[PDB]
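Student: Input: one structure, supplied below.
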Amino acid sequence: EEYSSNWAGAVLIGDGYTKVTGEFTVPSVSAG
Amino acid sequence: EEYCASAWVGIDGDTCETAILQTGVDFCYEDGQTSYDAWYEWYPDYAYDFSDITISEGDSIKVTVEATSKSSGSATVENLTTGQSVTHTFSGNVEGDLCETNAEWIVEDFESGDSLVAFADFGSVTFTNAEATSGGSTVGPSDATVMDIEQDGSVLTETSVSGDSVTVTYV
């Protein structure tokens, strides 16, 4: 994996991306 | 104290520095209350909120960004649970050109104030039907670079991907 201070997730590196989509359920949040 | 996090999909911003076309939802917590909102942004311009859509805990959201050229496209947020759908079209007049080299599904600790906003414990966020289109063909996150947040000597997330999904869990 790669660490960063602000992003967590998945990143595709390539060429010609013209559309990105995803579906998720709104989470329950509490204090960190 | 208020804690927040955001989840969004977007094009560019990692290896392409001139722009980011992105859309998503912010979730915040503060003293027994929560606040949710949907927004769009074509970085370096500011993020703007979609005021005509209600987001609630547990709702199923589908987010999509599409580029019709390196300087035009759209951002769409659909609340599948309520049937609401909003789209912002960027006909041009943008402040940055896309390279179209990165496609991503991200949970972010965004900047607010002097630094990053206190990071909320969101449990876990799973993006399903995670697909990117390149050259007319669709690809999933299988070969994607996995990223996690690490601040002040603390790992705050654990990410796992499958052939069609991305799961980010708070640590």
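By convention in this document, the chains of the structure tokens carry letters A, B, ... by their order, each chain's residues are numbered from 1, and ligands are numbered from 1 in the order they are shown.
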If we count only C-alpha atoms and set the cut-off at 10 Å, which residues sit around residue 136 of chain B, ignoring sequence neighbours fewer than 6 positions away in its own chain? Please answer as a list in words.
Tutor: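 Everything that qualifies: residues 16, 17, 18 and 19 of chain A.
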Student: Residues within 7 Å of residue 6 of chain A, please, as a list in words. Count only C-alpha atoms; anything in the same chain fewer than 3 positions from it doesn't count.
Tutor: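 Answer for this query is residues 108, 109, 110 and 149 of chain B.
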Student: State, in Å with one decimal place, the distance from atom CA of residue 170 of chain B to atom CA of residue 119 of chain B.
Tutor: 9.6 Å
Student: Could you work out how far atom CA of residue 72 of chain B lies from atom CA of residue 166 of chain B, giving the answer in Å with one decimal?
Tutor: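 Going from atom CA of residue 166 of chain B over to atom CA of residue 72 of chain B, I get 27.0 Å.
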Student: Taking into account only C-alpha atoms, which residue in the set B:96, B:113, B:83, B:140 is nearest to chain A?
Tutor: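 Closest candidate: B:140.
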Student: Compute the set of chain B residues within 7 Å of chain A, using only C-alpha atoms, and express it as a PyMOL selection string.
Tutor: chain B and resi 3+9-10+28-29+56-67+100-110+119-123+125-135+141+144-151+157+159+166+168
Student: Could the residues in this selection be saved with C-alpha atoms as a short mmCIF file (atom, residue, chain, number, x, y, z; two decimals), in the first residue's frame?
Tutor:
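As written to disk, part_37.cif reads:
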```
data_model
loop_
_atom_site.label_atom_id
_atom_site.label_comp_id
_atom_site.auth_asym_id
_atom_site.auth_seq_id
_atom_site.Cartn_x
_atom_site.Cartn_y
_atom_site.Cartn_z
CA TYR B 3 -15.16 15.27 13.13
CA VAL B 9 -15.14 9.32 -7.03
CA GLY B 10 -13.00 11.31 -9.39
CA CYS B 28 -19.80 15.09 9.98
CA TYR B 29 -20.35 14.41 13.66
CA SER B 56 -29.37 10.60 5.32
CA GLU B 57 -27.56 7.85 7.23
CA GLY B 58 -28.03 4.51 5.52
CA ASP B 59 -29.07 5.86 2.12
CA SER B 60 -27.67 4.24 -1.01
CA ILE B 61 -25.82 6.77 -3.10
CA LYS B 62 -24.48 6.41 -6.65
CA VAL B 63 -21.84 8.94 -7.70
CA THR B 64 -20.53 9.47 -11.22
CA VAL B 65 -18.10 11.87 -12.93
CA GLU B 66 -17.80 11.98 -16.73
CA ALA B 67 -15.39 13.98 -18.90
CA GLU B 100 -7.35 11.61 -17.72
CA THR B 101 -4.62 9.48 -16.14
CA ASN B 102 -6.19 8.69 -12.75
CA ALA B 103 -9.61 7.22 -11.83
CA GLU B 104 -10.27 6.84 -8.09
CA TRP B 105 -12.67 5.87 -5.28
CA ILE B 106 -11.60 7.78 -2.16
CA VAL B 107 -12.43 8.45 1.50
CA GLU B 108 -10.66 11.68 2.45
CA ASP B 109 -9.69 13.73 5.47
CA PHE B 110 -10.24 17.14 3.84
CA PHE B 119 -11.12 12.71 11.11
CA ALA B 120 -14.42 10.97 11.89
CA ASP B 121 -14.80 7.27 12.73
CA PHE B 122 -17.12 6.24 9.87
CA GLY B 123 -16.88 2.51 10.57
CA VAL B 125 -17.33 2.56 3.52
CA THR B 126 -17.67 0.14 0.62
CA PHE B 127 -17.94 1.32 -2.97
CA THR B 128 -19.71 -1.36 -5.01
CA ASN B 129 -20.17 -1.39 -8.79
CA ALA B 130 -16.82 0.43 -8.82
CA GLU B 131 -16.09 0.94 -12.51
CA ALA B 132 -13.96 3.26 -14.64
CA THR B 133 -14.27 3.66 -18.42
CA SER B 134 -11.16 4.05 -20.56
CA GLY B 135 -11.14 3.91 -24.36
CA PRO B 141 -10.22 -1.63 -9.16
CA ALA B 144 -5.44 -0.16 -8.56
CA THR B 145 -2.87 1.35 -6.26
CA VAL B 146 -4.15 1.06 -2.67
CA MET B 147 -3.79 4.05 -0.37
CA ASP B 148 -4.33 4.56 3.35
CA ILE B 149 -4.17 7.49 5.74
CA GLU B 150 -1.32 7.88 8.22
CA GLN B 151 -1.09 10.97 10.47
CA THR B 157 -7.51 3.38 7.67
CA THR B 159 -8.26 -0.48 2.49
CA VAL B 166 -13.28 -0.92 -2.69
CA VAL B 168 -12.14 1.52 3.43
#
```
Student: Record the distance separating atom CA of residue 1 of chain B and atom CA of residue 30 of chain B, expressed in Å with one decimal.
Tutor: 6.2 Å
Student: Given only C-alpha atoms as the basis, pick out the residue of B:143, B:97, B:37, B:49 nearest to residue 17 of chain B.
Tutor: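 The shortest atom-to-atom distance to residue 17 of chain B comes from B:97.
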Student: At a cut-off of 7 Å, using only C-alpha atoms, what residues contact residue 19 of chain B? Leave out same-chain residues fewer than 6 positions from it and give the result as a ChimeraX atom specification.
Tutor: /B:12-13,42-44,96-98
